[PDB]
Amino acid sequence: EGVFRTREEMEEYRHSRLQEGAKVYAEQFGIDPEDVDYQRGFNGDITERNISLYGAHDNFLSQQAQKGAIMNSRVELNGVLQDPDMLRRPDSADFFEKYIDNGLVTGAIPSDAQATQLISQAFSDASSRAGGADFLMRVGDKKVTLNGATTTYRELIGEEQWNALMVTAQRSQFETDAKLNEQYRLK
Amino acid sequence: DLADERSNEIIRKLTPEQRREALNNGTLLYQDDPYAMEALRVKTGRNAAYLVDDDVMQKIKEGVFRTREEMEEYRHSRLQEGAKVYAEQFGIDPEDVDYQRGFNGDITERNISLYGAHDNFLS
Amino acid sequence: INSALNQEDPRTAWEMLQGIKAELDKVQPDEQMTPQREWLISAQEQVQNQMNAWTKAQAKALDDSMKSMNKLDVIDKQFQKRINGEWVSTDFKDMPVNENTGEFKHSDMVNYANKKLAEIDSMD
Amino acid sequence: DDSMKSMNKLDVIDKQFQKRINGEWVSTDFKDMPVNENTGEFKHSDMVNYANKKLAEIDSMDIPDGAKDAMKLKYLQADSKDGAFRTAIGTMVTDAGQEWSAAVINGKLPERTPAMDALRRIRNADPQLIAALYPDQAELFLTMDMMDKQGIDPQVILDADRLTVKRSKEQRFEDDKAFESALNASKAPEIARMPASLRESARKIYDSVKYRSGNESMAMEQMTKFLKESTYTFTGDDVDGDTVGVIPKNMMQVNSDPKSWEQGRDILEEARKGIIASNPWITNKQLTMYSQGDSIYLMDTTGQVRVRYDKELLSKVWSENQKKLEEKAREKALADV
Amino acid sequence: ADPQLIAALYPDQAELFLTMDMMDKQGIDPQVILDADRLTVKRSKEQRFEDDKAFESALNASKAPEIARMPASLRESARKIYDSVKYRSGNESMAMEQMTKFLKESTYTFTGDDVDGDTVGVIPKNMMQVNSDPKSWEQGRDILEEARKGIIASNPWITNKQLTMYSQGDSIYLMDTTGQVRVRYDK
Amino acid sequence: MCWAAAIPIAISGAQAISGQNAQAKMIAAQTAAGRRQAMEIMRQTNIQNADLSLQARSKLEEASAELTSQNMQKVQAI
Amino acid sequence: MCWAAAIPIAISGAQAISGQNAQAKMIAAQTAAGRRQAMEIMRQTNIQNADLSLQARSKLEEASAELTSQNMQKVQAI
Amino acid sequence: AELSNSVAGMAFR
C-alpha cells in the first residue's frame, strides 16, 4: 500500500512474520502444530499467493516510477515555460513540441493520458504569463503524435479550446503590461 | 539486478513504435523499460543537481558568504549530500552510472552561473 | 461527470473530462454507444459551450480593463485639476468619450478613489 | 417499483428544474411532467426528496467551496416558496440556531459545531440573501458574523447571552418606546428613511446587541454598520448633497451574485439621470426613489413622472445587454488573432 | 423510537419530554439543567403572572406560520416548553428558538400552490400518520395534498385563501370558509 | 512530530542561519508528500491540485529556473 | 487491561508504524472472543450475530479474499 | 435609444 522499499524487505519480512504468525494463529484454536497436516494447509496454494504478492509489488514500483517521471517532466516543463518569459525567445516554440515528442518516444510522460493532461495544463499556465501570444501562436500549429492519430496542436484543442486560450493569453499580456506601466508611473 | 538483464535485452528488441500502448495497458510495467529508466534517471539527476546545488548556493551567495575559496568548499560537500538524499527519495538508483550523467550536468553552465553570481556579489 | 462539468474555469473542466475519458477507455474498451459514453460526450459538447462562454467572458474582461484604465486616468487628471484649481464639477459627468474610453459607469469613481488611495499607500 | 419510479421522476424533476434555473417561468410548484409513462404519478414526496438528495449530491461534488456555495445559492433561487430547497436550507438554519442556543445554555461552545460550520460556509457567500429569505433568525446571523468576521471570542458572547435578565414585560414598554426615539431622532440618512424590509429586520439587531455590554451607542453602532452593509444610499447630483433614496443592496441585483448589485446600481443611476435632464425642472431635490416589498420605484415629487424598476426586468434586460455587448467584445478581441 | 405518539397520550409531562430531549438529542450536559431547575425562584404569583403576559404577547406578535395559528393540540405543551427554557437560560429569544424548533418538528405547514405562498393550515404531524412508522406521516402528506387539489379542483366556486384546513382535537378537518366544503379526514 | 522538534533543536541561543532549515524541510516535505501520498489513475480532481504544489515544490526559487531553462533547451533539442 | 497498555507501550515518541498493531490486536481479540466465549446448541439468536462478526473477523481485508477465492475453488472441487 | 447597449439603453428598457 504505502510503506516499503525494494524487493528484499518484502520476502524477508513476509517469511519471518509468516512462520511466526502461523504458529501464533494456530495457537488460538486447538493446539495442532507442529503436525504435518497443518503444513499442507498452511503452506498453500503457495504459488498463487506469491504471484499475487509479487504482482502487487510490480504495481507499487510501477506507480512509483510513474510518479517520479511525471514529477520530473512537470518540473522540467514548468521551469521552461512557467518562468516569466522564456517563451518570448525564438527557440521555445520548437522546443516544446520536440520535448513532448521525445518524451513520448523515450517514452517518458507515460502514457498518453498523462500526455494530454500535461500538455493541456501547461498550455493554460503559459497563457496566463505575459509571454503567451508568441508561444501559443507559434506552437500552433505543430505536429505531435498521440494514440488515435498524428495531429496538429490547434487540432487537439477544439475551436473553443484554442480560441479561449488565445484570448485569455492576450488579456493576460495586456494585464501584465499595464501592471508594468503602472509600476513605472508609481516610481 | 544482474538477472533482470534477461528481460532488459528481450525488451530492447520490442519496437519503439508499438512500445507505448503496451506500456499503457499492462503488458510491460515501467520498472523494466531500459530506455524509459535512462531518461528518468538522467532527469532526476538534473533536477537534483539544479535544485539542491543551486538554491543552496545562490541564496547563500546572495547575502551570507565570502571569498571564492569559501563558497567553493561549501558547495561540493552540499553537492554530495543532496545526491544521496534525493536519490533515496526517488527509487533507489545510486550508485549507478546513469545517475552520474544526469546529476553531473550540464556542469559548465551551472558553474559559470554560480561564479558569475559571486562576481556580482563581490562587485 | 457532473463534477467535471461544474468546474470554475472550463479549462480544468475539459482536461479532467478528457482524463476521465482516457480512463473509461480502460474499463470500457470498446468505443461505441455505451450509455456511459453517451453521457460522457454530451459532456464534451457541454464543456465546448462552456469554453465558448469563457472566451466571451475573458474578452469582455479585456475590454473592461482597457476602458477602466483609460477612464481612470481621465478621471484622475480632471480630479487633479479640481485639487489644484477650482470649479471642475467632478460629480458624475466628466470629460466624455474621446473615441475610446467608455460611458463612465458610476463604478469608476468609487474604483478610482479606492485604487488611488491604495496607490498613495504604496508610494515611497 | 418505488426505486425505479423515484429515480425516473427525480431526473425529470431535476431537468425541468435546471430549466427554471437557466431559463424562466417554468412552474416547478407541484404539477410537472408525468407523461414519462414510467414516472407515473408525482407524489409530493419527490420534491422534498429531490431537494435533499440534490443538496447532498452538491456536497459530494469535487469542486472547491466557492463553486459549491454559488451552486447552493443558484439553487436556492428559485422555487415558488414551496419550499423544497428553501425549507431544506431553512431547517439547516434552525439547526444552527438551536445549536448555538444549546451552546448558550451549556455555558461554553461545543467543539466542531457541524450545523454552525455548514451555515457559515453557505452564508459567508451572500449575507443578505440567506437573511432575507428567513426573516426570523437575524439574531443568529448577527451573532455568527460577530463570531467570525469581527475578532470577538465565541466565549464573551456566551456569558452575556446567558447572563441576561428576563426583560419581564415591564422595561420593554420602555424598550419599544426606545426603538422609537433613537430611530426618529437619528437623522442619519439610512436609518431615517429605513427601507422597509430592512426595517423589519432592523428591529431585531438593535434589541439583540443592547443586551450585551454597555449599549445604546454600541447598539446604534452595530445597527448602523449593518444597515450600511445592506443598503445603498442614492445621493443626488446636487452639491448639498441631500439623499433621494435608500434602495436595498439585495434587490438591485442583476443576475445572482452581488458584484451584480454593483453593476445594476450603474443602471439605476443612468435611469434617475435621464429623467432629471429629460423633463427639465425636475431638479434633483424634487426626485425620490422609494422601494416597496419587491420593486424599485422612482418618482419626481409632482406625481407625474414615475418609473418602476423591478428585479425581473432589470435583471433580464441587463442579462441580454451584457450578453451581446460581450459578443462585440469577443468579436474585436479575436479580430486581433 | 416515536417522539410523537409518546408525546401525545401524555400531555401532562411534556416538561419531562422536553428536558430529556434536551439531554440526549441536543448536546447540553445533564448538569447545567440541574442547577437552573434547582435554582429557580418560586413564581410567587407575581413573576409568573408577568412572564405569562409576556409569552402571550410574544407568541402572538411573531408572524411565523408555525408559531401563529398553532397546531391546536400543541399550545399547552408549546407553552410549557417555553417556560422551561426561559427559566434555564434566561433569554427569551433563546427560549423561543427552542419553542419554534419544537412546533416545527411537530407539525407540517401545508402550503398553497400559489406563489405568495400563503399557508392554508398547520396540521399536527401525529394525526395524519398512516401506518406505524413515522414515514406514514410522510405518506399521508401525499394523500392530503392530492385531496386538497381534489377540493380546489372540484367545483371551485371560489377558492382564493378562503379554504383552510386544521385539526380539531382529533380530525384533520378541511373546510372552506362557508358551509360549502367541509371534508373530514381522520387517522 | 519528533523530527520537527529535532529541527527546532537547531535554534537555541536564537540562530539566524536557519531560514535554510525551514526552507529545506518544507521543501523535502513536499517531495515526500507529493511523491508518495497519491494515486495515479487518470481521474484526479482536487488531488491534482495539492499535487501541483508538490510540482512547484521541488523546482527552484528561480535563480536556477533562469539557469535551467537556459539549459533544458540546449539539452532536449533546442 | 494490562495487555492493552503493553501494546500502548509501543507508541511513545509518537511514531506511526502502528496501525498494524491496533489492527492485529482487535483481530486476534475477535478470534479469542469468538472462538471461546459462546455456546453451540443449535438455538442461537443474538449470540449468532456477535459471532458473525468473529466470522468476518479473521478472513481477510480482501486482498487475500481475492486470492483465496481464486484458490478454495481449485482446492475444494472446482 | 432602442437598439443600443451603453447603460442608457438598459434603463430605458
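For the pair A:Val24 and B:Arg66, label points projected 7 Å from Cα toward Cβ lie 5.7 nm apart. Taking the stretch D:1-19 and a reference point 7 angstrom along Cα→Cβ of E:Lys135, the backbone N atoms nearer than 19 Å belong to D:1-11. The alpha-carbon atoms of the stretch D:142-288 define a convex hull whose volume equals 140 cubic angstrom per residue. Spin-label model, D:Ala160/C:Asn49: points 7 Å from Cα along the beta carbon direction are separated by 5.2 nm. Here, the stretch F:2-51 has an Rg and a Dmax of 15.5, 50 Å when only alpha carbons are counted.
Taking GluC sites (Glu not before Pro) in DSSP loop states with no more than 13 other Cβ atoms inside 10 Å as exposed sites, chain D has its longest site-free stretch at D:230-337.
Here is the list for the stretch A:21-52: GluC sites (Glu not before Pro) lying in DSSP coil, each with at most 10 other C-beta atoms within 10 angstrom of its C-beta, are A:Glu34.
Label positions at C:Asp76 and D:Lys187, each projected 7 Å from the Cα along the C-beta direction, are separated by 4.0 nm. Between helix A:112-127 and chain A there is an angle of about 30 degrees, using the helix long axis and the longest principal axis of the Cα atoms. Applied to the stretch A:93-107, the Karplus parametrisation 6.51 cos²θ - 1.76 cosθ + 1.60 on θ = phi - 60° returns per-residue 3J(HN,Hα) values of 5, 5, 4, 4, 4, 5, 5, 4, 5, 5, x, 5, 7, 4, x Hz, with x for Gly and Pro. When both the stretch C:19-58 and the stretch A:1-57 are represented by their alpha-carbon centers, they are found 46 Å apart. Expressed in units of 2.2 N^0.38 Å, where N is the residue count, the Cα radius of gyration of chain E is 1.17. With coordinates expressed along the principal axes, the C-alpha atoms belonging to the stretch B:42-98 extend over 36, 16, 15 Å, beginning with the largest. To the nearest ten degrees, helix A:46-81 and the longest principal axis of the Cα atoms of chain A are 20 degrees apart. Helices meeting the span-like rule in chain B (full DSSP H runs, Cα extent of at least 20 Å along the helix axis, mean Kyte-Doolittle score of -1.0 or higher): B:34-48, B:107-122. About its Cα centre, what dipole magnitude does the stretch D:44-152 give when the only charges are +1 on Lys and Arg Cβ and -1 on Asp and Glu Cβ, stated in debye to the nearest 20? Charge dipole, the stretch D:44-152, about its Cα centre: 80 debye, nearest 20. Springs between Cα atoms under 10 Å define the GNM used for chain D, and in it the highest mean-square fluctuation of D:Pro258, D:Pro248, D:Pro189 occurs at D:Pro189.
Quick one, what does Rg over Rh come out to for chain A if you take C-alpha atoms and the Kirkwood Rh? Here the Rg-to-Rh quotient is 1.30. Scaling the Cα radius of gyration of the stretch B:12-123 by the globular reference 2.2 N^0.38 Å produces a ratio of 1.38. Using alpha-carbon pairs under 8 Å, 6+ residues apart, how would you state the relative contact order of the stretch D:188-232 in percent? Taking the mean separation of contacting Cα pairs over the length of the stretch D:188-232, I get 46 percent. A P(r) calculated from all alpha carbon pairs of the stretch C:37-120, with 5 Å bins opening at zero, reads 3, 12, 18, 17, 13, 8, 6, 6, 6, 5, 3, 2, 1, 0, 0 percent. The residue list A:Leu165, A:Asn147, A:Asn181 was ranked by how far each Cα lies along the charge dipole of the stretch A:131-184 toward its positive end, using unit charges on Cβ atoms, and A:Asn147 comes out on top. In straight-distance terms, cross-link reach from D:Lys149 covers every one of the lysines whose alpha-carbon lies under 22 Å from its own, apart from those fewer than eight places away in the same chain; here that gives D:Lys68, D:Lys72, D:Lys108, D:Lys204, D:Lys210, D:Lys225, D:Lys228, D:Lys249, D:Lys259. From the Kirkwood radius over Cα pairs of the stretch D:1-111, Stokes-Einstein at 37 °C and 0.692 mPa s returns a whole-number translational diffusion coefficient of 209 µm²/s. Inter-chain Cβ neighbour count for C:19-31, averaged per residue, equals 4 (cutoff 10 Å, partner chain atoms only). The Rg/Rh ratio for the stretch C:1-66, using Cα coordinates for both the radius of gyration and the Kirkwood hydrodynamic radius, is 1.13.
Using the alpha carbons alone, the radius of gyration of the stretch D:278-337 stands to its Kirkwood radius in an Rg to Rh ratio of 1.24.
For peptide B:38-48, the mean count of partner chain Cβ atoms within 10 Å of a residue's Cβ comes to 6. Placing unit charges on each Cβ (+1 for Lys and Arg, -1 for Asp and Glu) gives the protein assembly as shown a dipole about its Cα centre, and among D:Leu133, C:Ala13, E:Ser171 the Cα reaching farthest toward its positive end belongs to E:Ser171. Built from the Cα atoms of chain D, the convex hull projects on average onto 24.8 nm², one quarter of its surface area.
Along the charge dipole of chain E, Cβ charges K/R +1 and D/E -1, which of E:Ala95, E:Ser57, E:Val120 sits furthest on the positive end? My answer, from the dipole projection, is E:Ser57. For the protein assembly as shown, the dipole from Cβ point charges (+1 on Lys and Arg, -1 on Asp and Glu) about the Cα centre works out to 2240 debye, to the nearest 20. Which shape class applies to the protein assembly as shown: rounded if a/c is under 1.5, otherwise prolate when a/b exceeds b/c and oblate if not, where a ≥ b ≥ c are the square roots of the Cα gyration tensor eigenvalues? Oblate, because a/c is 1.5 or more while a/b does not exceed b/c. Seen from a random direction on average, the alpha-carbon convex hull of the stretch A:65-147 projects onto 4.9 square nanometres. Rounded to the nearest 0.05, what FRET efficiency do A:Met137 and A:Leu180 have when you use their Cβ-Cβ distance and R0 = 25 Å? About 0.75, to the nearest 0.05.
Please note: Cβ atoms are built from the backbone with ideal geometry, for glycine as well, and neighbour counts cover all protein chains shown. Laboratory data are not the source of any read-out in this text; all were calculated from the coordinates shown.
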